[PDB]
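Peer 1: generate coordinates for the sequence data below:
(2 chains, ligands or ions: 2)
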Amino acid sequence: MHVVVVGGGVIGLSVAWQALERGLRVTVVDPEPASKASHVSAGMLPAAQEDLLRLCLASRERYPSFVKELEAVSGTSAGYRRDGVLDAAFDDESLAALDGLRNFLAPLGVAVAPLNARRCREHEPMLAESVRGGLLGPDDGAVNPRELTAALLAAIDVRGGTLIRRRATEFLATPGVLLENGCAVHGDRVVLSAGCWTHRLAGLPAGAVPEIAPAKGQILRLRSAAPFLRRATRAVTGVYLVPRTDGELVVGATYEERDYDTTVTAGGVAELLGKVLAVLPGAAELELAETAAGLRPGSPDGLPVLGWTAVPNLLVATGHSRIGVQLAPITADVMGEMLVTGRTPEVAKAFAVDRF
Amino acid sequence: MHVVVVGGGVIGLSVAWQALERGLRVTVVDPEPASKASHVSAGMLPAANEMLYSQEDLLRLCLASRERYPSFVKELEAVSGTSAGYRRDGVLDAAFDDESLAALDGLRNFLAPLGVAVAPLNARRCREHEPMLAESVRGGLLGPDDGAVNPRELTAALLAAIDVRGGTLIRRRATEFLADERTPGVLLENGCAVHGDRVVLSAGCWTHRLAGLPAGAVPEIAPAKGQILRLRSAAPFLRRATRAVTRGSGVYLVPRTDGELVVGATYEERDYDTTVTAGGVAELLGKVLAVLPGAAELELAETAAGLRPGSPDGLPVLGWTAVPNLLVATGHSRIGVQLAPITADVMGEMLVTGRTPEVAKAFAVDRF
Ligand SMILES: Cc1cc2nc3c(=O)[nH]c(=O)nc-3n(C[C@H](O)[C@H](O)[C@H](O)COP(=O)(O)OP(=O)(O)OC[C@H]3O[C@@H](n4cnc5c(N)ncnc54)[C@H](O)[C@@H]3O)c2cc1C
Ligand SMILES: Cc1cc2nc3c(=O)[nH]c(=O)nc-3n(C[C@H](O)[C@H](O)[C@H](O)COP(=O)(O)OP(=O)(O)OC[C@H]3O[C@@H](n4cnc5c(N)ncnc54)[C@H](O)[C@@H]3O)c2cc1C
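Peer 2: Numbering: from 1, shown residues only, chains lettered A, B, ... in the order given. Ligands and ions are numbered 1, 2, ... in the order given. Take a look:
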């Protein structure tokens, strides 16, 4: 059977890859794959709503083997680091949220080591002395989404998946899509995973797909020749600080309701620099190498949108908002199953399209 | 006669242009003209400031350049058929606390004797001239006859003009000064040589680093790093070149006609480093958003960093060296765009007459 995946960010690429891994034939339609939210994304993979939590822990459990399998097929690196994740808090408010977080994670078998202010500074010398304590998640990490999507693209190629670099301009009642150049592509199944543009595809029957509203996020990248920070760090007052091996240090992110605007603004960059310098005062001399902005794919109730629509053979896989890099593997596994079996794995039932 | 100008930022391009205008033949040596401090520069053309209070000679140099700027630009656009991006809509000096409002009183008294139009403005009048100022504005001064230039457009014109008048541009690095010959010259990185009747060094903070210079000839032109940024809106955000002071620190806000808004600048001692840093950009954004809170929505379009050419005593270095037929024209530090015209006029005279105009005597090389 043949599945057409509309949109090729981290969510359609992963989905398309796993569909191939399950012996399906796959076409991905996207004029510029891995160019949007997935391009600017930080790739923090923090452990962290019961249903969503369960979805995240499953994706978490799966991440290591997902990456292993992907590198094997692709002969490429996905840039997955498992050096643990440091949660650092700097005031009463934030130190209390850590207690809540640690209590939320103990029952579920997630390694979480509480750290007092001192222990925090020993794990990360570059933290400001105002640090009040933290949590260490030694089994967690972070990925470089740019490397992850590059691998997904390589793997999809190796397995003979087709990539069409054109815009899907219309959905056709088997299902298919019209492309901007006039050519058409039908398949046995169609999967929409076009981020915050999913619901904007002309020809979708009213009510089929809910509004995947964009949530803007500005983000920046600093650099030093040698890495500045020891490991993926969350500093709460939340700012995400993700060191790459080559000296890049990602700093995200703003969360904003600005429709589809992706302008990098004085306000946003000032917000981010303010946070990083408050908790990493030595970051003052790091080079500001990049500033960017992307759109998170939302949903009317803030949770992912996975499974069948009321339109036969039309599925969706979107609305991962703040954590799609994190949810990418489980989403891929889940949609694989759905396509092959016709049934919806238990862990995904909460995110059916029909709930609206 | 033939003059070789080493270095082609705003100071050698202007100098070279005026030398041509005076019928000299001119060669400019610079691998990438107008690429350094002159590229990042804001182009504020302020009359005077706290810095000139205890510096009568420099003040006199600045006021002369100020007087000359309008006609300099007129003459340059005429020769070049190009715009230099000189705006004369006046300059707004805005203050935001007691400290800064008092410094304005001092500044207004400093400028009245020198024939500089300066209109005091109360907090209300400030907000009427510039609606985007924060409501904490405490009062200002308007300098209606002052303005600002876009250095990028100014150097483009200088380059066009120099071309039109048959000046030669050699896009190579001068690697060595050739001393002790009938005439002075420079060796280039590609091995070719260029002599002239006069040589003028105007290579910013690299001037003193040219191999072959006799010891003591040129003093240390030490770099002073400055980061600067550019914001943008489709329609202009700020009405005119604005200086805002608060909490004992200043920021320059220079609107261009196309919506670009320049915001400078940091002053830092980092030798020759021109890295744009988290610290520097945070400094600048902090200042602009404090006094222009609406600037939060503006696009951050560009960040940059440049090296100001300094001098052992902080004043320009103009005139002859102890090496015969070897002149210099550098060390303008924070205000070379402002001083560019007068510097050009002055060096023209020096080359043609052999004498040093009175206004420039204070900046002789030999003072060290
Ligand atoms: C600043 C920022 C930081 C983030 N940090 C993290 C983090 O640290 N950890 C984490 O887990 N998550 C993070 N996220 C979230 C995560 O990056 C996103 O949820 C995820 O990238 C969504 O993937 P997606 O493929 O659904 O959408 P996208 O990556 O936006 O991909 C959608 C694709 O659809 C395509 N498309 C659009 N219209 C059409 C059409 N008509 N035809 C064909 N194709 C089309 C586009 O070209 C695009 O490539 C972050 C997001 C942002 C904005
Ligand atoms: C951030 C910042 C903001 C500023 N804002 C203002 C302002 O608002 N108003 C104002 O008046 N001034 C301002 N200035 C000052 C102004 O930018 C400088 O004083 C002026 O640029 C000095 O220019 P210059 O031509 O001497 O040197 P530069 O512009 O540095 O030019 C020197 C040139 O020499 C060339 N060169 C170097 N070595 C060699 C070699 N061996 N052979 C050949 N060529 C060589 C270089 O390539 C370069 O093009 C600012 C400066 C900075 C850094």
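Peer 1: point me to the residue of the stretch 251-356 of chain A nearest ligand 1.
Peer 2: Using C-beta to the nearest ligand atom, the single residue of the stretch 251-356 of chain A nearest to ligand 1 is residue A:324, 2.7 Å away. Where you see a C-beta, it was placed from the backbone N, CA and C, and this is true even at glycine.
Peer 1: interface residues of the stretch 201-350 of chain A facing chain B?
Peer 2: A:222, A:263-267, A:269-270, A:273-274, A:276-277, A:283-288, A:291 (C-beta under 8 Å from any C-beta of the partner chain).
Peer 1: out of the residues you listed, list just those in helices.
Peer 2: Members of those lying in helices (criterion: DSSP state H): A:266, A:267, A:269, A:270, A:273, A:274, A:276, A:277.
Peer 1: run through the residues that contact the fourth one.
Peer 2: Which is residue A:270. Contact analysis of residue A:270 by C-beta atoms under 8 Å, 6 or more residues apart in numbering or on different chains lists B:282, B:285, B:286, B:289, B:296.
Peer 1: also residue A:207?
Peer 2: Counting by C-beta under 8 Å, 6+ apart, residue A:207 touches residue A:310.
Peer 1: again, but for residue A:84
Peer 2: Per C-beta under 8 Å, 6+ apart, neighbours of residue A:84: A:136, A:137, A:138, A:139, A:140, A:141, A:231, A:232.
Peer 1: now neighbour count and distance to ligand 1 too, for those residues, in CSV please.
Peer 2: As requested, those are exported to CSV (neighbours: other C-beta atoms under 10 Å in any protein chain shown; distance: C-beta to the nearest ligand atom, whole Å):
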residue, neighbour count, distance to ligand 1
A:136, 20, 18
A:137, 25, 14
A:138, 14, 19
A:139, 14, 16
A:140, 25, 12
A:141, 23, 11
A:231, 22, 14
A:232, 28, 9
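Peer 1: circling back: filter the ones in helices among the residues of the stretch 201-350 of chain A next to chain B down to the buried ones.
Peer 2: Buried members of those, scored by 16 or more other C-beta atoms under 10 Å in any protein chain shown, are A:266, A:267, A:269, A:270, A:273, A:276, A:277.
Peer 1: the fifth one and residue A:220 touch, don't they?
Peer 2: Yes. Contact between residue A:273 and residue A:220 holds when scored by C-beta atoms under 8 Å: they sit 7.4 Å apart.
Peer 1: contacts with ligand 2 among the contacts of residue A:270, please.
Peer 2: With C-beta under 6 Å from any ligand atom as the criterion, no member of the contacts of residue A:270 is in contact with ligand 2.
Peer 1: and residue A:81, bridged to which residues?
Peer 2: In this entry, residue A:81 is beta-bridged to residue A:142, by DSSP bridges.
Peer 1: got the contact list for it?
Peer 2: Contacts of residue A:81 by C-beta under 8 Å, 6+ apart are A:141, A:142, A:143, A:231, A:232, A:245.
Peer 1: now the first one. Nearest residue, chain neighbours left out?
Peer 2: By the measure of C-beta to C-beta, 6 or more residues apart in numbering or on different chains, the closest residue to residue A:141 outside its immediate chain neighbours is residue A:82, 4.1 Å from it.
Peer 1: how about the one you found, what does it touch?
Peer 2: For residue A:82, the contacting residues are A:64, A:139, A:140, A:141, by C-beta under 8 Å, 6+ apart.
Peer 1: spell out the secondary structure type for the second one.
Peer 2: Reducing the assignment at residue A:139 to three states with DSSP: H, G, I helix; E, B strand; the rest coil gives coil.
Peer 1: the residue lying closest to it once chain neighbours are set aside: what's it in contact with?
Peer 2: For residue A:139, ignoring the flanking residues on the chain, the nearest one in space by C-beta to C-beta, 6+ apart is residue A:111 at 4.9 Å. Residue A:111 makes contacts with A:137, A:138, A:139, as judged by C-beta under 8 Å, 6+ apart.
Peer 1: check residue A:160 too.
Peer 2: Contacts of residue A:160 by C-beta under 8 Å, 6+ apart are A:20, A:25.
Peer 1: could you give the bridge partners of residue A:176?
Peer 2: Applying DSSP bridges to residue A:176 gives these bridge partners: residue A:172, residue A:186.
Peer 1: same thing with residue A:29?
Peer 2: Counting by DSSP bridges, residue A:29 is bridged to residue A:6, residue A:164.
Peer 1: hmm, it is touching residue A:187, no?
Peer 2: No. Judged on C-beta under 8 Å, residue A:29 makes no contact with residue A:187 at a distance of 10.2 Å.
Peer 1: okay, those two: which has more neighbours?
Peer 2: residue A:29 (24 against 20; other C-beta atoms under 10 Å in any protein chain shown).
Peer 1: need the contact partners of the top helix by length along chain A.
Peer 2: Among all segments of chain A classified by DSSP H, the helix with the greatest residue count is helix A:50-74. For helix A:50-74, the surrounding residues in contact (C-beta under 8 Å, 6+ apart) are A:17, A:21, A:45, A:47-48, A:77-78, A:80, A:82, A:108, A:110, A:140, A:143, A:148, A:151-152, A:154-155, A:158-159, A:303-304, A:323, A:326-333, A:347-348, A:350-351.
Peer 1: what subset of those is buried?
Peer 2: Buried subset of the contacts of helix A:50-74 (neighbour count, 16+ other C-beta under 10 Å): A:17, A:21, A:45, A:47-48, A:78, A:80, A:82, A:110, A:140, A:143, A:148, A:151-152, A:154-155, A:159, A:303-304, A:323, A:326-333, A:347-348, A:350-351.
Peer 1: so which of those residues belong to strands?
Peer 2: A:45, A:80, A:143 (DSSP state E).
Peer 1: how would you label the spatially closest residue to residue A:189 that is not a sequence neighbour: helix, strand or coil?
Peer 2: In this structure, residue A:189 finds its nearest non-sequential neighbour in residue A:3, 4.4 Å apart by C-beta to C-beta, 6+ apart. Secondary structure assignment for residue A:3 (three-state DSSP): strand.
Peer 1: for the one 10 residues further on, same thing?
Peer 2: Secondary structure of residue A:13, reduced to three states by three-state DSSP: helix.
Peer 1: now do the phi/psi pair for residue A:236.
Peer 2: Main-chain torsions, residue A:236, degrees, to the nearest 10: phi -120, psi 140.
Peer 1: element containing the nearest residue to it once chain neighbours are set aside, please.
Peer 2: Computed as C-beta to C-beta, 6+ apart, the closest residue to residue A:236 that is not its neighbour in sequence is residue A:94, at 3.8 Å. Using DSSP states H and E, residue A:94 sits within helix A:92-105.
Peer 1: please apply the same query to residue A:120.
Peer 2: helix A:117-123.
Peer 1: list the buried residues of that helix.
Peer 2: Those would be A:117, A:120, A:121, A:123, for helix A:117-123 by 16+ other C-beta under 10 Å.
Peer 1: next up, the contacts around the closest residue to residue A:22 other than its chain neighbours.
Peer 2: Once flanking residues are discounted, residue A:22 sits nearest to residue A:336: 5.0 Å by C-beta to C-beta, 6+ apart. Contact analysis of residue A:336 by C-beta under 8 Å, 6+ apart lists A:15, A:18, A:19, A:21, A:22.
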